[PDB]
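Here the structure is laid out as structure tokens; the discussion comes afterwards.
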Number of protein chains: 2
Amino acid sequence: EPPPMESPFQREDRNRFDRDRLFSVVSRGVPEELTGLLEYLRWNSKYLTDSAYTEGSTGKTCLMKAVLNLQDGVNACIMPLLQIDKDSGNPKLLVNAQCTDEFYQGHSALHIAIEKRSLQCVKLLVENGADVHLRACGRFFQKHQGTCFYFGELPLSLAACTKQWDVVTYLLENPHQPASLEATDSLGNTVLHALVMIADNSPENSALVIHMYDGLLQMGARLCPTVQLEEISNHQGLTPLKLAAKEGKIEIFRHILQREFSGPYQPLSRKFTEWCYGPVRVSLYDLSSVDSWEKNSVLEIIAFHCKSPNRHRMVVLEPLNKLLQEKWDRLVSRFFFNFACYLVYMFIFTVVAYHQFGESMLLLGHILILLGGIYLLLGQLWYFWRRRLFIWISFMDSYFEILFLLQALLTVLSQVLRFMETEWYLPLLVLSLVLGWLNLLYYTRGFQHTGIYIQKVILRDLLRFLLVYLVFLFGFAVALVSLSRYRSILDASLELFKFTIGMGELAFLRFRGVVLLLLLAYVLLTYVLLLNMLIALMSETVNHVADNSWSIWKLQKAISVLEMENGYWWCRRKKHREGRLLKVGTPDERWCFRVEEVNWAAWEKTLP
Amino acid sequence: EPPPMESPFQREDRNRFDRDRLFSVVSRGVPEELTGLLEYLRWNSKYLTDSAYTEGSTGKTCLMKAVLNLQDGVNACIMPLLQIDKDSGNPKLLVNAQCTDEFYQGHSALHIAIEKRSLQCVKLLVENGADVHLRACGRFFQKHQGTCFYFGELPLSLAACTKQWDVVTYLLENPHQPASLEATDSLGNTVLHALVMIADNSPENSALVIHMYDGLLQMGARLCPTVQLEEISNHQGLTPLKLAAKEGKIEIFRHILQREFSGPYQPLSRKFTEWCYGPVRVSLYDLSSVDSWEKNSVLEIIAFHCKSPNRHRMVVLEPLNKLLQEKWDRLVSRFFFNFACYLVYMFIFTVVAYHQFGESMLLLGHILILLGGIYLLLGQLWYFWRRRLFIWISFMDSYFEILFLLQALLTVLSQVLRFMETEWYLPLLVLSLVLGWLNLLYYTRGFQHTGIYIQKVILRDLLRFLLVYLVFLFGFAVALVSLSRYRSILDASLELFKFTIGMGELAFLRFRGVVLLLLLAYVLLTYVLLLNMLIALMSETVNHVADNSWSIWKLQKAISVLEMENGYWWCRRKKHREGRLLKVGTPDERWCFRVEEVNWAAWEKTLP
Ligand SMILES: CCCCCCCCCC(=O)OC[C@H](COP(=O)([O-])OCCN)OC(=O)CCCCCCCCC
Ligand SMILES: CCCCCCCCCC(=O)OC[C@H](COP(=O)([O-])OCCN)OC(=O)CCCCCCCCC
Ligand SMILES: CCCCCCCCCC(=O)OC[C@H](COP(=O)([O-])OCCN)OC(=O)CCCCCCCCC
Ligand SMILES: CCCCCCCCCC(=O)OC[C@H](COP(=O)([O-])OCCN)OC(=O)CCCCCCCCC
């Protein structure tokens, strides 16, 4: 149980001028009651930073108590208190004191002064030696589930996240101690990473994050021109663009990708207008950390490292849409070659399963099946060894890989069982047959007519529905079997399930009426449960949700393209860089991608 | 890869005053750096239009580069550059230079000056000899799929499509070279055709197209009164009204049909108010190119030449609604006579099929069936030979014609098989029987009670559903047959399909549990697929779409009427002209149709 940061109704725990009198004096704003505190500390060789003058559980000092009780942004005890601190000859400054609790670790008085929105307190603390790089690494300042406020752990990041431009300006340009825009917290996050991480998809917050990000970029260009603030990576290796891509923060993501400035801040732009003709606008976009020719690119992060539901809305933005379209058009022939090879392998496997000189052809077909199963096994194992996180974070768009792996495993295990002359090779062969013929439907995503053409529901409510239904099934099965001693529990469950799915009838002997009552109860309960499932499926459709199947199709195609670009396991494909190296101003050479857009509606609004 | 029209970041390809220095001078707006260019061209016998001074891939000249880099609508290098062109004695004028690339063919500097919305540049180019009839026929200026801007290929059409009335006025009335409103592009399209072709159904764009169309009609009446601008046909034989009808541009279509002016522009009207009494308003509408007594009329184009989904919304406008109603009321007796003849032919065919002196009556019935089949065959073949495009562009409202043709073909082929004494005549006879009795439902469109009473879905998702379902069926069938060696693949597919549609049961032998598992998997997968189809059918209905079955009924009746007006194949019907010849002002005699409307809501708003 963390204690409150400031409580008007609870005294601080402890786990002549004492702590209680000092706290009561600094909480009312009268400095004249501080007379005699310095002499007591000098006589007792005491300091106003030790455990006796601070809260025992946290370490909150009298300075922090004074800043927590501001009166119109100013407290009259802060300067006298720091004067007593200076005159006492304290080796450790009171202005740079931090709490030691695991909940408020690193929290200082400058953080409180910034949070209370008082430029006077911040100015007064900086002049007396406040460190502007003190990191608040407690659990209250980390982003997790519960009561927390993550802002980047830094005073400058706290000022930027709270919309205080005057505080940011004073922290960046002061004669005493300039704050650094390149400063990082415990996670390696800069102020731009912090602005990305506090961003949700709400419009007001998006406008806030965009404004603060643009202003900090401009002031960084004005103050530290030689360094690139957007090229700094945190401990996960992510730039703010990559961090926006991973966390699904769509608005700051589209703002960073399509950032255009006119005038002195033109080098800070990532989109450069090339030429306009009527409703045709042709622009050049920066491909820095966007093109997949580097590792850990934005495309790779969106496809295989993000878990947000905004992924399909992220691949339809420019320049990502045209880039993925060009990559797909480059890889159309490779996709359908794989489809044709898989179709031939299914055809051979089907012929061999149907026909289970003729002996030689059958052996050749069997060894072709074995080699194809080994190839599909090693290909899927390579995919899982590379991308074990992708299946975990998003099962809804990667279950075909598990199906291919299962089909390859069943094929190989059926063939080795056949070589050992076990008769059970045929069931596994026909299971591989049906599984591969189902797996042929993966390649329907190559066409728009078939790729766009309940999956979210059956991955979400299937386990709960199964729980309720097998509770019903097991109870009625044990009731029917124990009344018939229907021979075994599995037989009764099978009969009830086959009747429920319409595959068979019900067998109706003493106590026939009770058996009939049990059957009526089971049938009505299953009807109610299936009606519940049917209502749950009406719930998603009738609520008028816009059609996202096209963007989901482009996400599927992006995943397919980013897999085909690496080549096969046995032969790696050479990576080719997209865009061209062009100079966009002062020599600032960037790899740019040309995107041409036609928008009649936007153009006609500009027409006078 | 077409090069950019103007790139601030890429130099032009090439596939002392040179091209690079000249381009750099004309792109900054300083003419004083042009000193010495004329002497170099005179000494080298060079011209500023050759391949050495233009872009190699396109042919873009220095003049076009100068106009592409305007500064507040004016560039100070254009007049000195044209002065050097005049003094150099160039046989071909620089002001009339065009690009030669397949993407920008015919594109000149006047087009750029109009697109940049600079009256000063247009005036300066016209005074120095710019041709106002230069046609930009490149792929960027044709309407297709991709990056393009179609405007009519002409400078006047470009000015009209971009909402520049001052530019249109200057191009039409200037002392140097007057542009012609009768000028056509490569497709024969005038400026009115171009305004129709750039029209979509959005309200702002519709208001734009209406305003420009009306202004150009008024200025054409003021400038060239003796000619009719709306009577000009392009290379497809379409007037702007017919082009609006074919392309489905509903707003400009209703504006052209119901155009009413008061005062001097009264001859430009197509709707003339005759008399008003309370909420009753009675008007006269022009029937020029609207009545079907001419060929290629608006009714013919809407019914059989348009593919837009706005066709049913086009036949409910005045005067088309009352015209089609009058034609239908004139052709009610002809429709039900055809229905009665077809009903009698079905009755005879049914009696003969049921009864497969009695021999003579059976032979007479058989030859009556044969003659009726020949008549229906030749009637449908005539329909297809006339209207092969109509079935292709709209299958949803013409499949009954294919069904009638199929029924006639099966009838004739069954009769010739019967004459050859092959026993297989009876299956084809009963197929013709059921097909004709289904085809009897075509005539339900004659009544409002039955004509208004999923078809879009089963013509759109049927192929995709069949693909997925026969993938399921074929895989489970080969798995079941290869596990039973269920005797053949077709037998197993038939059994599974019959169980799926409820027509039969499932036959359940070694490996019975694996057979059961395959059957469970197939049943659950088919349940999921049918549930997907059911959800897809909920999607259209619950989204609150307005009832368009009445307008779809009138479209069906319009198709029926426009077919009955031509008569039968053996006897052509005489065409009668609708409306009456009346003088509507200065002698301007038009064939007019009287339409009476009652609108209480519109009338009461005018009441003070
Ligand atoms: C014995 C084969 C040895 C390798 C020879 C070259 C085979 C072609 C390689 C190939 O194109 O892969 C085809 C297909 C790829 O599956 P996927 O990763 O696209 O799907 C991934 C979906 N998640 O994978 C298959 O279909 C395997 C078929 C193996 C036999 C191929 C017969 C034709 C040879 C030219
Ligand atoms: C355990 C073995 C049997 C179950 C696996 C069945 C094999 C896969 C067949 C399948 O899922 O159908 C694929 C089809 C299109 O997939 P997609 O575009 O959503 O691309 C895939 C990524 N979303 O989707 C549909 O047509 C809808 C019907 C889906 C069938 C039931 C769901 C099966 C989930 C395992
Ligand atoms: C042997 C017939 C020789 C011609 C004699 C005159 C027959 C009447 C002609 C007629 O009205 O056509 C009837 C019907 C028309 O079909 P449809 O174009 O309306 O439908 C088009 C739908 N898309 O087409 C038919 O039903 C064919 C029936 C032929 C026997 C008629 C028996 C009654 C004779 C008076
Ligand atoms: C291959 C032979 C068997 C299939 C053809 C069936 C013969 C035609 C029967 C039919 O389509 O029903 C006609 C009826 C009204 O048609 P309509 O007003 O939409 O006018 C027709 C123009 N839209 O529409 C309905 O009542 C709805 C039921 C439709 C039946 C299934 C659709 C068949 C499509 C071929």
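Each position is counted from 1, following the chain as shown.
Going by what the header records, the deposited coordinates were determined by electron microscopy, 2.6 Å.
Cβ coordinates are placed from backbone N, Cα and C, and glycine is handled just like the others.
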Revision key, fill the gap. What Swiss-Prot calls phosphoserine, among B:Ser24, B:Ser51, B:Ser57, B:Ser186, is B:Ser24
Point to revise | Composition by DSSP (helix, strand, coil) of residues within the topological domain 'Extracellular' (B:410-423) | key: 10 helix, 0 strand, 4 coil
**Study point:** Non-local residues, at least 6 beyond the ends, that sit with Cβ under 8 Å of the transmembrane segment (B:515-535)
**Key:** 461, 465, 468-469, 472, 476, 479-480, 483-484, 496, 499-500, 506, 508-509
Check your understanding: Same-chain Cβ contacts of the topological domain 'Cytoplasmic' (B:383-388) under 8 Å, 6 or more residues past its ends?
Key -> 304, 401, 405, 563
Study note, to complete from the structure: Around the Cβ of B:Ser24 (phosphoserine), other Cβ atoms found within 10 Å total 13
**Study point:** Three-class DSSP secondary structure - B:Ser24 (phosphoserine)
**Key:** helix
Review point. By DSSP, what is the split of the repeat 'ANK 3' (B:105-150) into helix, strand and coil residues?
Key: 19 helix, 0 strand, 27 coil
Revision key, fill the gap. Per the Cβ filter (under 8 Å) with a sequence gap of at least 6 from its ends, the transmembrane segment (B:424-444) is approached by 335-336, 338-339, 342-343, 345-346, 349-350, 353, 356, 400, 403-404, 406-407, 410-411, 413-415, 417-418, 450-451, 453
**Study point:** the repeat 'ANK 6' (B:236-262): DSSP-derived helix, strand, coil residue counts
**Key:** 15 helix, 0 strand, 12 coil
